[PDB]
Amino acid sequence: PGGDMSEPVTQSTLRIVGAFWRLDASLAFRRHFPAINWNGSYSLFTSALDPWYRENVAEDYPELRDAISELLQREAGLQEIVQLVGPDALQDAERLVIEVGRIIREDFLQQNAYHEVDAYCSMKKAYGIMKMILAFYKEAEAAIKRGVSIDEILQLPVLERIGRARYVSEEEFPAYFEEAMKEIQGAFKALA
Amino acid sequence: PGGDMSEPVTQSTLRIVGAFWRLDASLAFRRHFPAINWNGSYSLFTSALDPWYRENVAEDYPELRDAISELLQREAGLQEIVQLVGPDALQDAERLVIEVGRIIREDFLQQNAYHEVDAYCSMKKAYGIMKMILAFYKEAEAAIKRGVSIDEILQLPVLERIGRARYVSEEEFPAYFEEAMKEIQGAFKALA
Amino acid sequence: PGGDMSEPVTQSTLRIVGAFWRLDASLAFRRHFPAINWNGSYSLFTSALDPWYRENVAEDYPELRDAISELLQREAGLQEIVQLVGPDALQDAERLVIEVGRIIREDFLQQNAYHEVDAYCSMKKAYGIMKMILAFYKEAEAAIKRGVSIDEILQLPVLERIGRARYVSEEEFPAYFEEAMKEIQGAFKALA
Amino acid sequence: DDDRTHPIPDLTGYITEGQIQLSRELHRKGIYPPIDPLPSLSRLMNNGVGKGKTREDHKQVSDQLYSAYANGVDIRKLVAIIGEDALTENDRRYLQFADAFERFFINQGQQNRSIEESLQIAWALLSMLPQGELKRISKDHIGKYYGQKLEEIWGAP
Amino acid sequence: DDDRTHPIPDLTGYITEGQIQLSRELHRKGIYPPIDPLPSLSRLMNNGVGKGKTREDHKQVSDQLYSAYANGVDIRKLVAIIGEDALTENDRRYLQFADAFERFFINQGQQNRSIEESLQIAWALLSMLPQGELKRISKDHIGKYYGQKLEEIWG
Amino acid sequence: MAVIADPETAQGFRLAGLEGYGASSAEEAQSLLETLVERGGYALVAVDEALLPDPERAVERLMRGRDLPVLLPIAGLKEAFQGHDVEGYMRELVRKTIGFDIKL
Amino acid sequence: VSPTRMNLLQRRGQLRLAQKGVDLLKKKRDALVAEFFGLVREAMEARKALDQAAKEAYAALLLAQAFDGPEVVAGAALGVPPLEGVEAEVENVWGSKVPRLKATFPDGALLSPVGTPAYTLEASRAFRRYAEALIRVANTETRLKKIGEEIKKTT
């Protein structure tokens with residue numbers, strides 16, 4: 001009624017359901033669709049479906065999903081510093097996770113239901129997109145350990161090939177995914 | 001009962017009367033009478049009475065009344081900030097508003113029903129007091145823009161002259177008004 | 001029900017009883033027992049028992065009790081300022097009051113009902129403990145004016161003697177009291 | 001008692017499509033009709049405006065006006081503490097836009113404005129803000145309609 | 001409870017001609033009699049005071065005391081919010097007045113004061129404020145009675 | 001203006017007309033600084049970097065009384081011929097002021 | 001707190017006021033930080049200018065000591081009278097006071113106009129330029145510290 005989640009109906013509903021997708025209008029104001037608050041949402045079918053996932057999609061799927069969730073969790077702790085000082089004063093190690101969090105939040109969690117191919121997405125396409133994002137993050141961190149500026153990582157053309165993975169058809173995905181993986185591997189080989 | 005304005009009798013009366021004069025306990029505790037809560041009171045006869053005011057008091061009386069109401073509204077808006085951070089954190093253009101609102105509250109709105117003279121006030125005396133307050137506010141706003149500090153304006157000896165215009169009898173007020181207007185004109189002109 | 005002290009049974013009882021010993025859940029959470037709220041409790045029999053105290057315990061016992069009550073009141077007054085500005089910003093004459101209040105709270109008011117000695121306390125033992133605490137406070141207040149730091153006073157070994165005074169049996173206490181008094185005098189005479 | 005959790009305003013929200021809210025502050029400041037745009041809302045607006053119904057630029061202009069007013073009110077609240085000299089360049093522009101908006105768009109008196117006149121005044125108000133700060137409006141409408149002066153209604157009370 | 005809005009005190013206040021309200025906060029500080037002057041009221045006060053009954057300055061002194069004590073009470077909250085080091089001189093004067101008012105005027109013990117002694121103490125307390133801030137008192141009474149020090153009676 | 005350091009720069013400081021004293025050890029520097037602050041009259045005091053890194057860190061019991069004297073650390077003798085880490089010193093300053101120690 | 005329907009609305013108004021005050025304080029902190037992160041850069045530049053001036057003054061005095069001799073250097077130090085004309089002013093910054101140094105650096109108040117110990121004269125100029133850069137460092141330092149403490153208070 002008043003937007004409060006202590007209502008008797010919501011409290012009685014929270015006690016018997018196995019999933020809870022809490023929408024929020026704060027992400028709808030900024031035109032982020034779907035507007036699911038990933039901090040408050042939960043699901044109790046996560047663990048028990050993993051044998052199906054590893055017997056149907058891929059063996060490393062739960063670990064990759066947990067890695068993406070941990071990347072999203074890491075960015076949530078740095079907002080107390082971004083809301084005090086602007087992003088341009090943050091250390092490069094933290095700036096990397098801020099950029100990767102923005103990339104995840106605006107390329108993987110975002111979905112166009114009005115689009116020709118983006119409205120439908122199978123498990124393997126999402127698995128490939130997560131693989132590409134994790135490869136980007138790990139190679140960027142390895143380059144940081146070598147010693148690089150953040151702007152040369154952001155300069156790389158693989159940002160658009162990791163962004164345009166949503167709009168590829170399901171028939172062209174198994175070639176595009178391997179091409180993008182080899183391209184990012186070579187591009188991070190061509191770095192100091 | 002108990003000062004609860006959500007009582008059925010009070011709510012029934014609110015929907016049929018044309019004017020509402022709500023009294024306050026907090027103002028009555030500090031012996032500030034008539035103790036009218038300005039924020040909770042209203043009148044619906046203001047617009048229909050304007051030709052009579054123009055014909056029988058002055059041609060610009062509604063404008064003076066509107067100016068006083070807008071000043072009170074500005075003071076009520078600033079009261080939130082002054083309750084948050086205190087009075088010394090405001091700029092001079094807001095401290096002037098606070099002091100003028102206090103002058104209005106303790107000079108124009110206050111009235112002693114047991115005093116010999118203050119028990120009755122005519123329309124023209126109130127018009128003169130409003131004109132004096134507005135003239136002082138305009139001159140003080142002109143002085144603030146000229147670099148003069150707030151802390152020296154309110155220590156002028158003319159605030160006692162304005163603050164004690166209540167007790168001037170009706171037979172002496174036409175002289176007192178013209179004596180105070182020239183002093184208001186000259187005090188800020190002579191200032192540095 | 002729920003700790004609500006405005007329920008009818010509680011309010012009906014307060015109109016007939018002479019003493020009101022109020023318990024607090026906040027003190028019981030941190031294992032501070034007997035968990036008596038010394039700000040909300042009262043007793044109407046205090047003034048009628050003074051002739052008994054003056055002839056059965058000591059002739060100056062009421063003055064000592066009033067001094068301890070005054071110290072508790074001053075500590076409660078300072079703890080409002082402490083919790084929003086920090087104890088480091090306070091002067092030495094206030095940090096001394098804070099430390100003495102903590103010593104009173106943990107050495108005198110606190111009593112263990114399951115200890116073999118602390119379960120019972122005579123009147124003379126309590127009077128001796130009060131005398132020791134007040135003597136220490138007087139000496140520390142005298143020595144603060146010579147410029148001694150609070151950290152020098154807090155590291156004195158005689159602070160441990162007062163804290164262990166309540167575990168001393170009723171037989172050994174009249175000698176331990178004299179040793180502690182002489183030790184306090186010697187430690188604050190040899191102090192810097 | 002200005003309570004939206006009272007049962008009568010609460011149940012009206014479950015059946016109707018949006019609301020229009022009057023403001024006591026705007027009324028006490030002398031503005032008529034005292035309609036506060038921030039809590040007001042219409043839930044069928046997008047189905048009734050647009051190409052061939054009102055005009056091409058209606059929706060984006062409304063969004064830009066909403067966002068600019070929302071910025072201006074908070075800047076106005078900040079000025080009372082930090083002063084008008086500590087502001088940046090665009091903040092003073094936002095503050096002046098808020099004052100002009102309340103003086104001209106809302107406070108219309110007893111005028112009967114057509115939708116063309118309302119859109120003309122709205123486009124003249126947005127021209128106070130620098131071009132390129134109007135994110136919510138596409139560049140074609142800006143090229144077609146930006147740049148008019150508010151003196152056309154300043155001299156027409 | 002400590003509730004003025006309970007039905008019994010509410011109806012009693014609607015029927016009677018004022019009330020004397022006691023304060024637990026004043027009682028915990030050792031003040032007797034712990035009478036809180038702000039929520040207290042006497043409706044028939046104006047009939048029995050003034051010239052020819054007690055003294056001609058009674059009502060104005062009462063009103064000025066009420067206003068000054070209310071100002072000091074309000075300044076206490078500002079001190080509790082922002083700290084007592086950011087005050088001006090006027091606020092500190094009002095704070096000192098409130099503390100001295102509680103410690104000297106209200107707290108009297110078992111002694112029996114005459115009306116003249118009480119008015120003398122009241123004028124002693126008002127002399128701790130600047131002469132220009134006594135708005136509710138007439139200038140003649142200010143000229144007649146201002147200036148006496150508190151230590152001439154309690155020192 | 002008062003300034004305490006190695007005498008080799010104190011000589012130039014009294015050449016310029018500024019009051020100068022020599023220091024060689026930690027206790028000597030602390031005693032000299034405490035006497036300088038306790039003695040009144042001046043507005044600015046400069047202390048070294050080799051012996052005492054933070055001047056106001058030791059006078060904390062005295063600087064809370066009056067605020068007119070200003071303390072300031074300067075470089076040493078051999079350090080000025082090669083410089084020091086101004087970036088590190090200001091990073092430490094940002095840590096002590098804003099509390100988060102995150103700046104690049 | 002007496003439970004009534006009026007007090008509920010009063011509490012909810014207070015809650016709205018508290019949330020809006022939190023937002024306003026956050027905006028004020030943002031403005032303070034934006035000022036601080038340029039003030040620190042000015043402090044950096046002033047500090048490195050002082051470092052270069054220190055380098056050149058130390059080199060000049062070392063060269064004067066090695067060649068001209070400690071006796072003449074000590075005599076030139078003795079001849080020059082001390083300086084006292086430090087002009088101090090108190091200025092507000094973001095609603096808080098700071099001291100500032102505006103030392104006179106008087107011309108003609110020093111001794112030894114003869115330039116025969118030429119390297120000694122150069123060092124006498126260089127250390128005065130050192131003292132000129134010193135207060136330029138100090139006035140930025142004190143303002144930086146005050147703005148940092150205001151940020152701490154807002155947080």
# chains A, B, ... in the order shown; residues from 1 in each chain; ligands from 1
call {"tool": "calpha_fit_rmsd", "arguments": {"fixed": "chain B", "moving": "chain A"}}
result
0.9 Å
call {"tool": "residues_around", "arguments": {"residues": "residue E:79", "least_positions_apart": "6", "cutoff": "10 Å", "atoms": "only C-alpha atoms", "output": "number ranges by chain"}}
result
B: 86; E: 85-87, 91-92, 95
call {"tool": "closest_residue", "arguments": {"among": "G:46, G:86, G:77, G:131", "to": "chain F", "atoms": "only C-alpha atoms"}}
result
G:77
call {"tool": "residues_around", "arguments": {"residues": "stretch 57-68 of chain C", "least_positions_apart": "6", "cutoff": "9 Å", "atoms": "only C-alpha atoms", "output": "list in words"}}
result
residues 50, 104, 123, 124, 127, 130, 131 and 134 of chain C
call {"tool": "residues_around", "arguments": {"residues": "residue C:43", "least_positions_apart": "2", "cutoff": "8 Å", "atoms": "only C-alpha atoms", "output": "number ranges by chain"}}
result
C: 18-20, 41, 45-46
call {"tool": "select_by_dssp", "arguments": {"residues": "chain B", "states": "strand (DSSP E or B)", "output": "list in words"}}
result
residues 19, 20, 23, 36, 42 and 43 of chain B
call {"tool": "write_last_selection", "arguments": {"atoms": "N, CA, C and O atoms", "output": "PDB file, in the first residue's frame"}}
result
ATOM      1  N   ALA B  19     -13.899  30.451   8.010  1.00  0.00           N
ATOM      2  CA  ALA B  19     -12.628  30.852   8.587  1.00  0.00           C
ATOM      3  C   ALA B  19     -12.275  29.915   9.729  1.00  0.00           C
ATOM      4  O   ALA B  19     -13.151  29.422  10.439  1.00  0.00           O
ATOM      5  N   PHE B  20     -10.980  29.673   9.899  1.00  0.00           N
ATOM      6  CA  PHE B  20     -10.481  28.734  10.894  1.00  0.00           C
ATOM      7  C   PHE B  20      -9.373  29.406  11.683  1.00  0.00           C
ATOM      8  O   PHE B  20      -8.354  29.799  11.110  1.00  0.00           O
ATOM      9  N   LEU B  23      -5.854  27.610  17.699  1.00  0.00           N
ATOM     10  CA  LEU B  23      -5.013  28.016  18.812  1.00  0.00           C
ATOM     11  C   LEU B  23      -3.981  26.939  19.114  1.00  0.00           C
ATOM     12  O   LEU B  23      -4.183  25.760  18.821  1.00  0.00           O
ATOM     13  N   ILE B  36      -2.281  32.342  18.058  1.00  0.00           N
ATOM     14  CA  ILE B  36      -2.831  31.776  16.833  1.00  0.00           C
ATOM     15  C   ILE B  36      -1.725  31.040  16.093  1.00  0.00           C
ATOM     16  O   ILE B  36      -0.660  31.604  15.824  1.00  0.00           O
ATOM     17  N   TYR B  42      -6.649  29.470   8.390  1.00  0.00           N
ATOM     18  CA  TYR B  42      -6.977  29.932   7.051  1.00  0.00           C
ATOM     19  C   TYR B  42      -8.252  30.757   7.090  1.00  0.00           C
ATOM     20  O   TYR B  42      -9.005  30.733   8.064  1.00  0.00           O
ATOM     21  N   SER B  43      -8.481  31.493   6.008  1.00  0.00           N
ATOM     22  CA  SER B  43      -9.704  32.253   5.811  1.00  0.00           C
ATOM     23  C   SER B  43     -10.079  32.207   4.341  1.00  0.00           C
ATOM     24  O   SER B  43      -9.211  32.296   3.472  1.00  0.00           O
TER      25      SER B  43
END
call {"tool": "closest_atom_pairs", "arguments": {"of": "chain F", "to": "chain A", "cutoff": "12 Å", "atoms": "only C-alpha atoms", "output": "Markdown table"}}
result
| residue | atom | partner | partner_atom | distance |
| --- | --- | --- | --- | --- |
| F:98 | CA | A:84 | CA | 10.0 |
| F:99 | CA | A:81 | CA | 11.1 |
| F:100 | CA | A:81 | CA | 8.4 |
| F:101 | CA | A:90 | CA | 9.9 |
| F:102 | CA | A:90 | CA | 6.1 |
| F:103 | CA | A:89 | CA | 5.1 |
| F:104 | CA | A:89 | CA | 5.6 |
call {"tool": "write_last_selection", "arguments": {"atoms": "N, CA, C and O atoms", "output": "compact mmCIF listing (two decimals), in the first residue's frame"}}
result
# COMPACT_ATOMS: atom_id res chain seq x y z
N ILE F 98 41.17 13.79 5.76
CA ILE F 98 39.89 13.26 5.30
C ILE F 98 39.66 11.82 5.75
O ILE F 98 38.52 11.35 5.70
N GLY F 99 40.70 11.11 6.17
CA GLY F 99 40.56 9.86 6.89
C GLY F 99 40.57 8.61 6.04
O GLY F 99 40.58 7.51 6.61
N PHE F 100 40.56 8.72 4.71
CA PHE F 100 40.39 7.53 3.88
C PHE F 100 41.65 7.11 3.14
O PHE F 100 41.74 5.95 2.74
N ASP F 101 42.60 8.03 2.94
CA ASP F 101 43.91 7.73 2.35
C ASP F 101 43.79 7.15 0.94
O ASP F 101 44.52 6.23 0.57
N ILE F 102 42.87 7.68 0.15
CA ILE F 102 42.66 7.24 -1.22
C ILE F 102 42.74 8.46 -2.12
O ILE F 102 41.80 9.27 -2.16
N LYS F 103 43.84 8.59 -2.86
CA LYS F 103 44.04 9.74 -3.73
C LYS F 103 45.15 9.40 -4.72
O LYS F 103 46.19 8.85 -4.33
N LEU F 104 44.93 9.72 -5.99
CA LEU F 104 45.96 9.54 -7.00
C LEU F 104 45.93 10.69 -8.01
O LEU F 104 44.99 11.49 -8.00
call {"tool": "atom_distance", "arguments": {"atom1": "atom CA of residue D:34", "atom2": "atom CA of residue D:108"}}
result
9.8 Å
call {"tool": "closest_atom_pairs", "arguments": {"of": "chain D", "to": "chain B", "cutoff": "9 Å", "atoms": "only C-alpha atoms", "output": "Markdown table"}}
result
| residue | atom | partner | partner_atom | distance |
| --- | --- | --- | --- | --- |
| D:1 | CA | B:6 | CA | 8.2 |
| D:25 | CA | B:73 | CA | 7.5 |
| D:28 | CA | B:70 | CA | 6.7 |
| D:29 | CA | B:70 | CA | 5.4 |
| D:30 | CA | B:66 | CA | 7.5 |
| D:77 | CA | B:81 | CA | 8.9 |
| D:79 | CA | B:91 | CA | 9.0 |
| D:80 | CA | B:90 | CA | 6.4 |
| D:81 | CA | B:90 | CA | 5.5 |
| D:82 | CA | B:91 | CA | 7.8 |
| D:83 | CA | B:91 | CA | 6.6 |
call {"tool": "atom_distance", "arguments": {"atom1": "atom CA of residue D:98", "atom2": "atom CA of residue D:124"}}
result
13.2 Å
call {"tool": "residues_around", "arguments": {"residues": "residue B:103", "least_positions_apart": "4", "cutoff": "10 Å", "atoms": "only C-alpha atoms", "output": "PyMOL selection string"}}
result
chain B and resi 97-99+107-109+133+159+162-163
call {"tool": "write_last_selection", "arguments": {"atoms": "N, CA and C atoms", "output": "compact mmCIF listing (two decimals), in the first residue's frame"}}
result
# COMPACT_ATOMS: atom_id res chain seq x y z
N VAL B 97 15.94 37.78 7.19
CA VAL B 97 14.58 37.24 7.13
C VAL B 97 14.16 36.71 8.49
N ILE B 98 15.07 36.01 9.18
CA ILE B 98 14.75 35.46 10.49
C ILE B 98 14.46 36.58 11.49
N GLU B 99 15.29 37.62 11.50
CA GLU B 99 15.10 38.71 12.45
C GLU B 99 13.84 39.51 12.14
N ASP B 107 5.88 41.96 17.44
CA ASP B 107 5.40 43.33 17.37
C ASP B 107 4.00 43.41 16.77
N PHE B 108 3.77 42.78 15.63
CA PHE B 108 2.50 42.95 14.93
C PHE B 108 1.48 41.92 15.38
N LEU B 109 1.88 40.65 15.50
CA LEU B 109 0.93 39.59 15.78
C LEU B 109 0.55 39.49 17.25
N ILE B 133 7.15 48.27 9.21
CA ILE B 133 7.94 47.04 9.16
C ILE B 133 8.46 46.79 7.75
N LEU B 159 14.67 49.93 16.42
CA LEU B 159 13.89 48.73 16.67
C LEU B 159 13.04 48.87 17.92
N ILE B 162 10.02 50.94 16.68
CA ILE B 162 9.03 50.12 16.00
C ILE B 162 8.39 49.14 16.97
N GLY B 163 9.19 48.52 17.83
CA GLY B 163 8.70 47.49 18.73
C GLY B 163 7.74 47.98 19.80
call {"tool": "residues_around", "arguments": {"residues": "residue G:60", "least_positions_apart": "5", "cutoff": "12 Å", "atoms": "only C-alpha atoms", "output": "count of residues only"}}
result
21
call {"tool": "closest_residue", "arguments": {"among": "G:92, G:10, G:52, G:154", "to": "chain F", "atoms": "only C-alpha atoms"}}
result
G:52
call {"tool": "decode", "arguments": {"residues": "stretch 45-116 of chain D", "atoms": "C-alpha atoms", "output": "PDB file, in the first residue's frame"}}
result
ATOM      1  CA  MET D  45      -0.454  10.584 -20.676  1.00  0.00           C
ATOM      2  CA  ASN D  46       1.563   8.630 -23.246  1.00  0.00           C
ATOM      3  CA  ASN D  47      -1.535   7.312 -25.028  1.00  0.00           C
ATOM      4  CA  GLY D  48      -2.986  10.771 -25.650  1.00  0.00           C
ATOM      5  CA  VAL D  49      -0.035  12.852 -26.844  1.00  0.00           C
ATOM      6  CA  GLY D  50       2.391  12.621 -29.745  1.00  0.00           C
ATOM      7  CA  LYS D  51       2.293  12.717 -33.534  1.00  0.00           C
ATOM      8  CA  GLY D  52      -1.103  13.719 -34.878  1.00  0.00           C
ATOM      9  CA  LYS D  53      -2.621  14.201 -31.411  1.00  0.00           C
ATOM     10  CA  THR D  54      -0.965  17.238 -29.796  1.00  0.00           C
ATOM     11  CA  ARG D  55       2.509  17.855 -31.325  1.00  0.00           C
ATOM     12  CA  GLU D  56       5.765  16.022 -31.905  1.00  0.00           C
ATOM     13  CA  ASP D  57       7.787  17.366 -28.974  1.00  0.00           C
ATOM     14  CA  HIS D  58       5.262  17.106 -26.130  1.00  0.00           C
ATOM     15  CA  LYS D  59       6.589  14.194 -24.064  1.00  0.00           C
ATOM     16  CA  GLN D  60      10.290  15.079 -24.079  1.00  0.00           C
ATOM     17  CA  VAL D  61       9.549  18.723 -23.254  1.00  0.00           C
ATOM     18  CA  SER D  62       7.461  17.615 -20.270  1.00  0.00           C
ATOM     19  CA  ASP D  63      10.269  15.348 -19.032  1.00  0.00           C
ATOM     20  CA  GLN D  64      12.887  18.085 -19.399  1.00  0.00           C
ATOM     21  CA  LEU D  65      10.706  20.557 -17.492  1.00  0.00           C
ATOM     22  CA  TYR D  66      10.203  18.035 -14.683  1.00  0.00           C
ATOM     23  CA  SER D  67      13.919  17.271 -14.318  1.00  0.00           C
ATOM     24  CA  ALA D  68      14.973  20.926 -14.483  1.00  0.00           C
ATOM     25  CA  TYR D  69      12.464  21.965 -11.808  1.00  0.00           C
ATOM     26  CA  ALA D  70      13.578  19.063  -9.604  1.00  0.00           C
ATOM     27  CA  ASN D  71      17.178  20.281  -9.837  1.00  0.00           C
ATOM     28  CA  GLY D  72      16.249  23.914  -9.243  1.00  0.00           C
ATOM     29  CA  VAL D  73      14.356  23.350  -6.003  1.00  0.00           C
ATOM     30  CA  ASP D  74      17.272  21.517  -4.347  1.00  0.00           C
ATOM     31  CA  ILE D  75      19.733  24.155  -5.545  1.00  0.00           C
ATOM     32  CA  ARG D  76      17.427  26.764  -3.994  1.00  0.00           C
ATOM     33  CA  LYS D  77      17.559  24.889  -0.694  1.00  0.00           C
ATOM     34  CA  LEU D  78      21.375  24.677  -0.851  1.00  0.00           C
ATOM     35  CA  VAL D  79      21.838  28.409  -1.545  1.00  0.00           C
ATOM     36  CA  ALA D  80      20.577  29.338   1.936  1.00  0.00           C
ATOM     37  CA  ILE D  81      23.561  27.529   3.478  1.00  0.00           C
ATOM     38  CA  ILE D  82      26.511  27.762   1.118  1.00  0.00           C
ATOM     39  CA  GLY D  83      25.657  31.096  -0.489  1.00  0.00           C
ATOM     40  CA  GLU D  84      25.099  32.027  -4.110  1.00  0.00           C
ATOM     41  CA  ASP D  85      28.792  32.734  -4.742  1.00  0.00           C
ATOM     42  CA  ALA D  86      29.959  29.188  -3.966  1.00  0.00           C
ATOM     43  CA  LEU D  87      27.752  27.779  -6.740  1.00  0.00           C
ATOM     44  CA  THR D  88      28.978  26.710 -10.147  1.00  0.00           C
ATOM     45  CA  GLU D  89      27.940  28.500 -13.322  1.00  0.00           C
ATOM     46  CA  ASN D  90      25.050  26.218 -14.304  1.00  0.00           C
ATOM     47  CA  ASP D  91      23.602  26.102 -10.775  1.00  0.00           C
ATOM     48  CA  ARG D  92      22.751  29.809 -10.893  1.00  0.00           C
ATOM     49  CA  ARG D  93      21.086  29.182 -14.255  1.00  0.00           C
ATOM     50  CA  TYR D  94      19.023  26.382 -12.697  1.00  0.00           C
ATOM     51  CA  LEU D  95      18.024  28.634  -9.789  1.00  0.00           C
ATOM     52  CA  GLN D  96      16.928  31.416 -12.141  1.00  0.00           C
ATOM     53  CA  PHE D  97      15.019  28.849 -14.197  1.00  0.00           C
ATOM     54  CA  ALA D  98      13.172  27.669 -11.089  1.00  0.00           C
ATOM     55  CA  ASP D  99      12.164  31.225 -10.187  1.00  0.00           C
ATOM     56  CA  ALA D 100      11.028  31.999 -13.741  1.00  0.00           C
ATOM     57  CA  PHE D 101       9.159  28.684 -13.963  1.00  0.00           C
ATOM     58  CA  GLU D 102       7.165  29.388 -10.811  1.00  0.00           C
ATOM     59  CA  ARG D 103       6.531  32.972 -11.925  1.00  0.00           C
ATOM     60  CA  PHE D 104       5.405  32.259 -15.504  1.00  0.00           C
ATOM     61  CA  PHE D 105       4.401  28.647 -16.172  1.00  0.00           C
ATOM     62  CA  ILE D 106       2.412  27.860 -13.026  1.00  0.00           C
ATOM     63  CA  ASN D 107       1.093  31.307 -12.058  1.00  0.00           C
ATOM     64  CA  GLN D 108      -1.209  32.047 -14.985  1.00  0.00           C
ATOM     65  CA  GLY D 109      -4.131  33.692 -13.191  1.00  0.00           C
ATOM     66  CA  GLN D 110      -7.382  33.533 -15.146  1.00  0.00           C
ATOM     67  CA  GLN D 111      -5.830  33.127 -18.600  1.00  0.00           C
ATOM     68  CA  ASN D 112      -7.176  30.502 -21.007  1.00  0.00           C
ATOM     69  CA  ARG D 113      -4.008  29.205 -22.655  1.00  0.00           C
ATOM     70  CA  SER D 114      -4.222  26.937 -25.670  1.00  0.00           C
ATOM     71  CA  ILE D 115      -1.792  24.039 -25.939  1.00  0.00           C
ATOM     72  CA  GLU D 116       0.279  25.981 -28.492  1.00  0.00           C
TER      73      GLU D 116
END
